[PDB]
Amino acid sequence: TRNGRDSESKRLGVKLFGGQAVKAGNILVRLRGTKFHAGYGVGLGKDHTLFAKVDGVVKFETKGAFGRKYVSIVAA
Amino acid sequence: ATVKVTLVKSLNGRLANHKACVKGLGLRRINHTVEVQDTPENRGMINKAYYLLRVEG
RNA sequence: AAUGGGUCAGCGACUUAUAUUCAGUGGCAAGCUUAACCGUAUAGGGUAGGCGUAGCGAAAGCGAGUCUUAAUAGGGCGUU
RNA sequence: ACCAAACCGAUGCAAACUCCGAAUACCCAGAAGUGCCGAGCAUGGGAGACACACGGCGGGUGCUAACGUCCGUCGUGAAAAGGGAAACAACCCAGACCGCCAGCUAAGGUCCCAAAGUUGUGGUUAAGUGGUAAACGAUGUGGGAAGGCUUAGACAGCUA
RNA sequence: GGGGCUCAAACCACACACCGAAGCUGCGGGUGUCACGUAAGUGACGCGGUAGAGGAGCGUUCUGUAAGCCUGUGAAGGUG
RNA sequence: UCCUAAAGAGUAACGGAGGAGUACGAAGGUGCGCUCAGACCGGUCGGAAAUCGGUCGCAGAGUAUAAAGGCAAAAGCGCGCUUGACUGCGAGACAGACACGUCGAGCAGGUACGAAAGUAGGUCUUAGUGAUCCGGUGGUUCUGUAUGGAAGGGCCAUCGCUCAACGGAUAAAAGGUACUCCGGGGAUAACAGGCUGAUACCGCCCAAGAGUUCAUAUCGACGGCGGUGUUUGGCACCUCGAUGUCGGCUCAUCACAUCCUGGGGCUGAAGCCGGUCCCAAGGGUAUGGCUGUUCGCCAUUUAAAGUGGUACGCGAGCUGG
RNA sequence: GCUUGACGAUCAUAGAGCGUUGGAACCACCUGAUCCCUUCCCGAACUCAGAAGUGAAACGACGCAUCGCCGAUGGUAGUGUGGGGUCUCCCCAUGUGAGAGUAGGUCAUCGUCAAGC
């Protein structure tokens with residue numbers, strides 16, 4: 001019966017978009033529950049943060065059954 | 001091969017993107033004529049600011 | 001149709017001291033500079049001190065190296 | 001005779017619905033040219049600001065009221081004069097270093113006040129419409145497609 | 001906006017002219033920056049502006065230069 | 001946590017919706033085991049539905065908790081071990097004014113587990129929180145005011161109480177002022193002006209209807225569309241280095257949406273009177289009893305006692321209830 | 001060379017639904033629990049001594065296109081920029097451009113490896 005009190009807006013989203021060079025520790029997707037999945041060299045942190053585990057460029061394939069949007073990094 | 005554009009309107013209330021298309025094309029004030037190479041990456045600045053210019057060819 | 005001034009002439013508001021930082025400009029230079037004070041006194045003496053030449057650590061300490069942990073194994077700070 | 005959730009088809013609509021899904025914007029890499037001689041970045045010295053306004057657009061709020069108010073994004077005024085909008089921070093054009101009794105234009109204009117066409121061709125409009133306005137109402141007039149009755153003699157007008 | 005306008009001085013099209021800004025061009029004017037110039041020297045791009053930053057100056061009174069120089073053949077001051 | 005929020009982040013409102021101030025020694029790791037809900041149906045105690053036995057199933061279930069987003073390589077239960085809800089760290093990022101915050105291996109201390117590749121630095125994810133200063137506690141190799149010690153201090157680990165005005169003024173915090181004072185403001189209210197017109201007021205459009213028949217002589221439900229700025233608002237644009245109230249008095253001036261007088265149309269207008277609608281602003285348009293009144297209610301008039309604007313006209317004209 | 005295995009490329013043009021089959025190899029059962037153990041009670045789970053039996057069920061490829069699923073072209077809605085209007089909305093220039101709908105493919109297309117014919 002009283003409105004107010006929005007939260008503080010967590011800055012989620014795809015950082016470091018899908019052609020960019022990476023180093024092997026970079027947060028690659030901030031994410032609220034694996035809207036994107038883990039490809040070849042990426043890591044899947046505890047809060048479903050995708051992180052590059054090797055160097056290269058990030059690809060963003062769609063692959064497999066279930067229609068998974070993948071994030072894979074290819075050492076190119 | 002070579003196109004020549006003239007600036008016929010101002011840059012005053014124009015968008016910051018469009019006047020950067022006119023400065024980057026070589027133009028400085030009204031009725032100034034430059035001779036521009038006809039590469040398509042040069043012609044795209046002529047097209048983003050088509051309304052400010054006159055393109056004699 | 002918001003403030004102030006009737007007008008003239010005088011007056012009337014970023015200063016000074018002491019610490020400090022940065023810039024410019026100089027003297028000396030791995031050193032530089034003195035404070036009180038002394039002085040037939042803006043000279044000259046007086047180098048107590050201050051800063052510089054080495055850092056790291058809370059510290060003992062060790063030093064071109066500590067901390068930590070049973071661990072000289074893994075990073076931060078410094079270094080011609 | 002009352003009715004009856006669900007199911008089949010037809011049919012709508014959501015800011016907190018989405019099987020879908022752009023333009024743009026944003027991120028990245030590589031390239032020519034331009035940059036006023038730099039634009040970008042980094043460290044230092046000095047700030048000022050931390051009450052903005054209105055206009056276009058995209059929305060909340062309000063009454064899709066307010067020169068209301070709260071955001072986004074532009075442009076302007078703030079801090080910008082000159083020409084136009086009669087006069088008119090914020091709209092349109094344009095950004096004033098100084099001089100000229102030189103010439104071309106922009107927005108806007110060209111009968112007189114008032115600088116320039118009483119300009120040409122073709123139409124429309126009789127209300128001073130222009131030069132303020134809604135539901136709705138009328139043989140006001142211009143244009144255009146079509147239809148039914150149409151000299152075996154229609155619509156309003158004569159002697160069974 | 002007013003006078004006033006009715007085959008328009010209104011509206012709709014199209015054509016051609018013209019006027020109109022501190023815009024643009026012509027012509028004459030500093031250095032603002034920068035590149036060149038063994039530094040005479042021209043070029044090129046600029047030059048609205050509040051808060052504010054930067055850079056350069058003028059004038060007043062005093063001290064040194066000054067026991068100089070000017071001044072009663074006329075100073076400062078005042079008025080042209 | 002969603003919306004607003006404009007398909008990258010971000011993004012305001014006393015805008016619209018909900019939540020949190022925790023749980024968990026298993027609800028974690030791992031080993032191992034294992035996959036929903038729905039309708040369909042079988043009546044001697046439940047008969048919509050249980051026990052669940054098995055047929056079409058077509059995530060619609062479940063997740064400790066709000067909502068969003070996620071899932072089966074399960075991201076729910078059973079059970080063993082009984083601990084990785086590890087210690088030292090940490091390349092590199094994300095967020096970011098700062099303080100904070102978020103994500104993340106390999107060697108060892110060393111590990112549960114698996115017989116092993118390997119997974120494990122808590123939980124499907126994002127809330128479940130609190131700086132510093134003072135104290136408390138357990139370590140310590142550090143310091144230990146002549147020296148040896150202690151005291152006190154430092155470092156490391158952890159607790160408190162209470163900062164929910166939740167970046168926390170102090171260990172410790174309620175009012176009155178019509179007796180008031182000062183400094184400011186039209187960054188901001190009251191009067192008046194201005195913008196707007198919900199609201200009020202006045203017109204108009206369709207006409208169910210009543211009007212004894214007959215929508216339109218009068219009246220009109222349901223809805224519609226406008227005008228006037230006429231007041232209740234709304235706004236905070238002017239005015240706070242002052243624009244001094246309501247009413248009466250005195251004087252007015254304009255409007256026409258006309259109260260009287262003048263000219264007309266229609267009538268459910270016989271006449272006398274009226275009703276209603278046009279046209280018309282020339283001149284007229286009370287006096288008193290009550291009340292501070294405007295109004296109002298009353299008494300008696302009049303041809304008629306109109307409605308509005310003018311800073312709700314008028315206080316450098318008056319009064320001052 | 002085909003049958004069929006064995007993990008995988010690609011993910012409802014590959015999916016579900018309606019016939020014929022294969023016995024030798026493979027595959028599910030089957031005979032039973034003695035020796036491992038599986039049981040919130042069980043050998044249908046699953047562990048297996050197995051190979052007495054069996055090819056329908058079980059699954060497997062192999063049939064058949066109603067349905068799902070893809071889906072043009074053209075238009076339309078939206079929209080960047082520039083300019084208009086009678087401006088709570090649309091139009092013009094220009095760039096771009098869906099969603100839904102509109103004949104119909106299909107019982108998919110691939111790759112390595114092996115026992116057998």
# chains A, B, ... in the order shown; residues from 1 in each chain; ligands from 1
>>> residues_around(residues="residue 49 of chain A", least_positions_apart="3", cutoff="10 Å", atoms="only C-alpha atoms (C1' of nucleotides)", output="list in words")
residues 12, 27, 28, 29, 30, 31, 32, 33, 34, 36, 37, 38, 42, 43, 44, 45 and 46 of chain A; 94, 102, 103, 104 and 125 of chain F
>>> write_last_selection(atoms="C-alpha atoms (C1' of nucleotides)", output="PDB file, in the first residue's frame")
ATOM      1  CA  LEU A  12      24.917  -7.068 -15.535  1.00  0.00           C
ATOM      2  CA  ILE A  27      35.109 -11.472 -16.796  1.00  0.00           C
ATOM      3  CA  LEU A  28      33.298 -12.192 -20.020  1.00  0.00           C
ATOM      4  CA  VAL A  29      29.591 -12.168 -19.092  1.00  0.00           C
ATOM      5  CA  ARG A  30      28.037 -10.853 -15.921  1.00  0.00           C
ATOM      6  CA  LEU A  31      24.945 -12.865 -15.665  1.00  0.00           C
ATOM      7  CA  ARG A  32      21.980 -13.666 -13.479  1.00  0.00           C
ATOM      8  CA  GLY A  33      21.829 -17.390 -13.978  1.00  0.00           C
ATOM      9  CA  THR A  34      23.573 -18.639 -17.202  1.00  0.00           C
ATOM     10  CA  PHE A  36      24.889 -17.824 -21.727  1.00  0.00           C
ATOM     11  CA  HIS A  37      26.765 -21.085 -21.274  1.00  0.00           C
ATOM     12  CA  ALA A  38      30.396 -22.099 -21.094  1.00  0.00           C
ATOM     13  CA  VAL A  42      35.670 -20.158 -20.459  1.00  0.00           C
ATOM     14  CA  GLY A  43      35.047 -20.821 -16.839  1.00  0.00           C
ATOM     15  CA  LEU A  44      31.546 -20.321 -15.302  1.00  0.00           C
ATOM     16  CA  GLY A  45      32.066 -18.668 -11.921  1.00  0.00           C
ATOM     17  CA  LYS A  46      29.963 -19.200  -8.797  1.00  0.00           C
TER      18      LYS A  46
ATOM     19  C1'   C F  94      34.112  -6.640 -13.542  1.00  0.00           C
ATOM     20  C1'   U F 102      32.204  -9.102  -7.127  1.00  0.00           C
ATOM     21  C1'   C F 103      34.629 -13.191 -10.171  1.00  0.00           C
ATOM     22  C1'   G F 104      38.787 -16.358 -10.334  1.00  0.00           C
ATOM     23  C1'   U F 125      22.119 -16.885  -8.719  1.00  0.00           C
TER      24        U F 125
END
>>> interface_residues(of="chain A", to="chain G", cutoff="9 Å", atoms="only C-alpha atoms (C1' of nucleotides)", output="list in words")
residues 63, 64, 65, 66 and 67 of chain A
>>> closest_atom_pairs(of="chain D", to="chain B", cutoff="8 Å", atoms="only C-alpha atoms (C1' of nucleotides)", output="Markdown table")
| residue | atom | partner | partner_atom | distance |
| --- | --- | --- | --- | --- |
| D:32 | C1' | B:41 | CA | 7.0 |
| D:33 | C1' | B:42 | CA | 6.8 |
| D:34 | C1' | B:24 | CA | 4.1 |
| D:35 | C1' | B:24 | CA | 6.5 |
| D:74 | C1' | B:15 | CA | 7.8 |
| D:75 | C1' | B:13 | CA | 5.8 |
| D:76 | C1' | B:13 | CA | 7.8 |
| D:94 | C1' | B:10 | CA | 7.3 |
| D:95 | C1' | B:12 | CA | 7.3 |
>>> closest_atom_pairs(of="chain E", to="chain B", cutoff="10 Å", atoms="only C-alpha atoms (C1' of nucleotides)", output="CSV")
residue,atom,partner,partner_atom,distance
E:23,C1',B:30,CA,7.8
E:24,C1',B:30,CA,6.7
E:25,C1',B:31,CA,9.6
E:45,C1',B:28,CA,9.7
>>> write_last_selection(atoms="N, CA, C and O atoms (P, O5', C5', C4', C3', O3' and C1' of nucleotides)", output="PDB file, in the first residue's frame")
ATOM      1  P     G E  23      29.954  38.120 -41.272  1.00  0.00           P
ATOM      2  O5'   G E  23      29.832  36.588 -40.869  1.00  0.00           O
ATOM      3  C5'   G E  23      28.594  35.997 -40.518  1.00  0.00           C
ATOM      4  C4'   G E  23      28.273  34.807 -41.386  1.00  0.00           C
ATOM      5  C3'   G E  23      29.206  34.567 -42.566  1.00  0.00           C
ATOM      6  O3'   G E  23      30.302  33.737 -42.208  1.00  0.00           O
ATOM      7  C1'   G E  23      26.954  34.607 -43.314  1.00  0.00           C
ATOM      8  P     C E  24      31.751  33.842 -42.903  1.00  0.00           P
ATOM      9  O5'   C E  24      31.467  33.798 -44.460  1.00  0.00           O
ATOM     10  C5'   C E  24      31.492  32.578 -45.180  1.00  0.00           C
ATOM     11  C4'   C E  24      31.273  32.828 -46.644  1.00  0.00           C
ATOM     12  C3'   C E  24      32.336  33.669 -47.316  1.00  0.00           C
ATOM     13  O3'   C E  24      33.478  32.923 -47.682  1.00  0.00           O
ATOM     14  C1'   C E  24      30.205  34.488 -47.898  1.00  0.00           C
ATOM     15  P     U E  25      34.933  33.595 -47.664  1.00  0.00           P
ATOM     16  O5'   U E  25      34.907  34.598 -48.892  1.00  0.00           O
ATOM     17  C5'   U E  25      34.923  34.100 -50.217  1.00  0.00           C
ATOM     18  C4'   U E  25      34.666  35.181 -51.226  1.00  0.00           C
ATOM     19  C3'   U E  25      35.636  36.341 -51.232  1.00  0.00           C
ATOM     20  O3'   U E  25      36.863  36.043 -51.868  1.00  0.00           O
ATOM     21  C1'   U E  25      33.441  37.170 -51.355  1.00  0.00           C
ATOM     22  P     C E  45      44.113  27.105 -45.497  1.00  0.00           P
ATOM     23  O5'   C E  45      43.713  26.556 -44.061  1.00  0.00           O
ATOM     24  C5'   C E  45      42.774  27.246 -43.261  1.00  0.00           C
ATOM     25  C4'   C E  45      42.945  26.911 -41.806  1.00  0.00           C
ATOM     26  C3'   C E  45      42.092  27.724 -40.862  1.00  0.00           C
ATOM     27  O3'   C E  45      40.791  27.203 -40.723  1.00  0.00           O
ATOM     28  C1'   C E  45      44.324  27.757 -40.111  1.00  0.00           C
TER      29        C E  45
END
>>> interface_residues(of="chain D", to="chain A", cutoff="12 Å", atoms="only C-alpha atoms (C1' of nucleotides)", output="PyMOL selection string")
chain D and resi 26-29
>>> write_last_selection(atoms="N, CA and C atoms (P, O5', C5', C4', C3', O3' and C1' of nucleotides)", output="PDB file, in the first residue's frame")
ATOM      1  P     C D  26      26.844   5.395 -30.135  1.00  0.00           P
ATOM      2  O5'   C D  26      27.262   4.126 -29.285  1.00  0.00           O
ATOM      3  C5'   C D  26      26.992   4.077 -27.893  1.00  0.00           C
ATOM      4  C4'   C D  26      27.109   2.675 -27.365  1.00  0.00           C
ATOM      5  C3'   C D  26      28.436   1.992 -27.621  1.00  0.00           C
ATOM      6  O3'   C D  26      29.465   2.383 -26.731  1.00  0.00           O
ATOM      7  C1'   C D  26      26.675   0.522 -28.171  1.00  0.00           C
ATOM      8  P     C D  27      30.967   2.544 -27.273  1.00  0.00           P
ATOM      9  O5'   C D  27      31.505   1.055 -27.329  1.00  0.00           O
ATOM     10  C5'   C D  27      31.563   0.272 -26.152  1.00  0.00           C
ATOM     11  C4'   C D  27      31.938  -1.150 -26.461  1.00  0.00           C
ATOM     12  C3'   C D  27      33.121  -1.341 -27.390  1.00  0.00           C
ATOM     13  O3'   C D  27      34.374  -1.171 -26.761  1.00  0.00           O
ATOM     14  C1'   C D  27      31.371  -2.762 -28.056  1.00  0.00           C
ATOM     15  P     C D  28      35.625  -0.600 -27.583  1.00  0.00           P
ATOM     16  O5'   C D  28      35.951  -1.725 -28.651  1.00  0.00           O
ATOM     17  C5'   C D  28      36.622  -2.901 -28.250  1.00  0.00           C
ATOM     18  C4'   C D  28      36.649  -3.929 -29.343  1.00  0.00           C
ATOM     19  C3'   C D  28      37.508  -3.611 -30.540  1.00  0.00           C
ATOM     20  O3'   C D  28      38.884  -3.775 -30.286  1.00  0.00           O
ATOM     21  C1'   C D  28      35.457  -4.502 -31.267  1.00  0.00           C
ATOM     22  P     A D  29      39.924  -2.670 -30.797  1.00  0.00           P
ATOM     23  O5'   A D  29      40.451  -3.271 -32.164  1.00  0.00           O
ATOM     24  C5'   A D  29      40.831  -4.633 -32.242  1.00  0.00           C
ATOM     25  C4'   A D  29      40.664  -5.186 -33.633  1.00  0.00           C
ATOM     26  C3'   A D  29      41.213  -4.342 -34.765  1.00  0.00           C
ATOM     27  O3'   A D  29      42.614  -4.462 -34.901  1.00  0.00           O
ATOM     28  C1'   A D  29      39.070  -5.129 -35.341  1.00  0.00           C
TER      29        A D  29
END
>>> decode(residues="segment 34-55 of chain A", atoms="N, CA, C and O atoms", output="PDB file, in the first residue's frame")
ATOM      1  N   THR A  34      23.152 -17.997 -15.945  1.00  0.00           N
ATOM      2  CA  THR A  34      23.573 -18.639 -17.202  1.00  0.00           C
ATOM      3  C   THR A  34      22.523 -18.584 -18.314  1.00  0.00           C
ATOM      4  O   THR A  34      22.090 -19.589 -18.879  1.00  0.00           O
ATOM      5  N   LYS A  35      22.173 -17.346 -18.657  1.00  0.00           N
ATOM      6  CA  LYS A  35      21.601 -17.026 -19.960  1.00  0.00           C
ATOM      7  C   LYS A  35      22.559 -17.401 -21.088  1.00  0.00           C
ATOM      8  O   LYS A  35      22.132 -17.743 -22.195  1.00  0.00           O
ATOM      9  N   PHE A  36      23.860 -17.317 -20.833  1.00  0.00           N
ATOM     10  CA  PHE A  36      24.889 -17.824 -21.727  1.00  0.00           C
ATOM     11  C   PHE A  36      25.615 -18.966 -21.039  1.00  0.00           C
ATOM     12  O   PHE A  36      25.752 -18.972 -19.815  1.00  0.00           O
ATOM     13  N   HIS A  37      26.087 -19.922 -21.820  1.00  0.00           N
ATOM     14  CA  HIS A  37      26.765 -21.085 -21.274  1.00  0.00           C
ATOM     15  C   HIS A  37      28.249 -21.057 -21.588  1.00  0.00           C
ATOM     16  O   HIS A  37      28.753 -20.185 -22.294  1.00  0.00           O
ATOM     17  N   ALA A  38      28.944 -22.060 -21.065  1.00  0.00           N
ATOM     18  CA  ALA A  38      30.396 -22.099 -21.094  1.00  0.00           C
ATOM     19  C   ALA A  38      30.894 -22.911 -22.279  1.00  0.00           C
ATOM     20  O   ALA A  38      30.620 -24.111 -22.376  1.00  0.00           O
ATOM     21  N   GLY A  39      31.634 -22.254 -23.166  1.00  0.00           N
ATOM     22  CA  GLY A  39      32.242 -22.907 -24.304  1.00  0.00           C
ATOM     23  C   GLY A  39      33.596 -23.505 -24.003  1.00  0.00           C
ATOM     24  O   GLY A  39      33.777 -24.138 -22.961  1.00  0.00           O
ATOM     25  N   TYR A  40      34.556 -23.293 -24.904  1.00  0.00           N
ATOM     26  CA  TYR A  40      35.795 -24.060 -24.884  1.00  0.00           C
ATOM     27  C   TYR A  40      36.691 -23.656 -23.725  1.00  0.00           C
ATOM     28  O   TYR A  40      36.994 -24.467 -22.843  1.00  0.00           O
ATOM     29  N   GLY A  41      37.130 -22.409 -23.708  1.00  0.00           N
ATOM     30  CA  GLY A  41      38.079 -22.016 -22.695  1.00  0.00           C
ATOM     31  C   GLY A  41      37.518 -21.064 -21.670  1.00  0.00           C
ATOM     32  O   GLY A  41      38.268 -20.273 -21.098  1.00  0.00           O
ATOM     33  N   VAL A  42      36.218 -21.104 -21.414  1.00  0.00           N
ATOM     34  CA  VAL A  42      35.670 -20.158 -20.459  1.00  0.00           C
ATOM     35  C   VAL A  42      35.198 -20.939 -19.241  1.00  0.00           C
ATOM     36  O   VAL A  42      35.058 -22.161 -19.276  1.00  0.00           O
ATOM     37  N   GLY A  43      34.965 -20.213 -18.149  1.00  0.00           N
ATOM     38  CA  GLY A  43      35.047 -20.821 -16.839  1.00  0.00           C
ATOM     39  C   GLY A  43      33.817 -21.070 -15.990  1.00  0.00           C
ATOM     40  O   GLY A  43      33.840 -22.018 -15.201  1.00  0.00           O
ATOM     41  N   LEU A  44      32.776 -20.237 -16.101  1.00  0.00           N
ATOM     42  CA  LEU A  44      31.546 -20.321 -15.302  1.00  0.00           C
ATOM     43  C   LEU A  44      31.783 -20.189 -13.800  1.00  0.00           C
ATOM     44  O   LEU A  44      31.848 -21.187 -13.079  1.00  0.00           O
ATOM     45  N   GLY A  45      32.020 -18.968 -13.340  1.00  0.00           N
ATOM     46  CA  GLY A  45      32.066 -18.668 -11.921  1.00  0.00           C
ATOM     47  C   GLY A  45      30.835 -19.002 -11.095  1.00  0.00           C
ATOM     48  O   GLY A  45      29.812 -19.445 -11.615  1.00  0.00           O
ATOM     49  N   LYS A  46      30.940 -18.756  -9.788  1.00  0.00           N
ATOM     50  CA  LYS A  46      29.963 -19.200  -8.797  1.00  0.00           C
ATOM     51  C   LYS A  46      28.609 -18.535  -8.969  1.00  0.00           C
ATOM     52  O   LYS A  46      27.572 -19.197  -8.849  1.00  0.00           O
ATOM     53  N   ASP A  47      28.594 -17.236  -9.253  1.00  0.00           N
ATOM     54  CA  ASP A  47      27.366 -16.518  -9.564  1.00  0.00           C
ATOM     55  C   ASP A  47      27.044 -16.535 -11.044  1.00  0.00           C
ATOM     56  O   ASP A  47      26.436 -15.581 -11.539  1.00  0.00           O
ATOM     57  N   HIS A  48      27.504 -17.570 -11.752  1.00  0.00           N
ATOM     58  CA  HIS A  48      27.354 -17.773 -13.195  1.00  0.00           C
ATOM     59  C   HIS A  48      28.073 -16.701 -13.999  1.00  0.00           C
ATOM     60  O   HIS A  48      27.637 -16.337 -15.087  1.00  0.00           O
ATOM     61  N   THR A  49      29.183 -16.192 -13.491  1.00  0.00           N
ATOM     62  CA  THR A  49      30.004 -15.277 -14.265  1.00  0.00           C
ATOM     63  C   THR A  49      30.884 -16.086 -15.198  1.00  0.00           C
ATOM     64  O   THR A  49      31.556 -17.020 -14.765  1.00  0.00           O
ATOM     65  N   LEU A  50      30.853 -15.766 -16.481  1.00  0.00           N
ATOM     66  CA  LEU A  50      31.726 -16.412 -17.440  1.00  0.00           C
ATOM     67  C   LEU A  50      33.069 -15.707 -17.433  1.00  0.00           C
ATOM     68  O   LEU A  50      33.126 -14.478 -17.453  1.00  0.00           O
ATOM     69  N   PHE A  51      34.145 -16.479 -17.389  1.00  0.00           N
ATOM     70  CA  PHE A  51      35.472 -15.898 -17.396  1.00  0.00           C
ATOM     71  C   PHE A  51      36.392 -16.695 -18.300  1.00  0.00           C
ATOM     72  O   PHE A  51      36.397 -17.921 -18.289  1.00  0.00           O
ATOM     73  N   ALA A  52      37.182 -15.965 -19.072  1.00  0.00           N
ATOM     74  CA  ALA A  52      38.172 -16.541 -19.964  1.00  0.00           C
ATOM     75  C   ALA A  52      39.274 -17.236 -19.182  1.00  0.00           C
ATOM     76  O   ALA A  52      39.880 -16.648 -18.285  1.00  0.00           O
ATOM     77  N   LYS A  53      39.535 -18.497 -19.527  1.00  0.00           N
ATOM     78  CA  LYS A  53      40.637 -19.231 -18.928  1.00  0.00           C
ATOM     79  C   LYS A  53      41.848 -19.354 -19.833  1.00  0.00           C
ATOM     80  O   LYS A  53      42.883 -19.847 -19.382  1.00  0.00           O
ATOM     81  N   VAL A  54      41.750 -18.922 -21.084  1.00  0.00           N
ATOM     82  CA  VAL A  54      42.896 -18.931 -21.978  1.00  0.00           C
ATOM     83  C   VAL A  54      42.820 -17.631 -22.769  1.00  0.00           C
ATOM     84  O   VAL A  54      41.874 -16.860 -22.601  1.00  0.00           O
ATOM     85  N   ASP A  55      43.820 -17.341 -23.596  1.00  0.00           N
ATOM     86  CA  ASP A  55      43.807 -16.158 -24.439  1.00  0.00           C
ATOM     87  C   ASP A  55      43.159 -16.489 -25.781  1.00  0.00           C
ATOM     88  O   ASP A  55      42.894 -17.646 -26.101  1.00  0.00           O
TER      89      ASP A  55
END
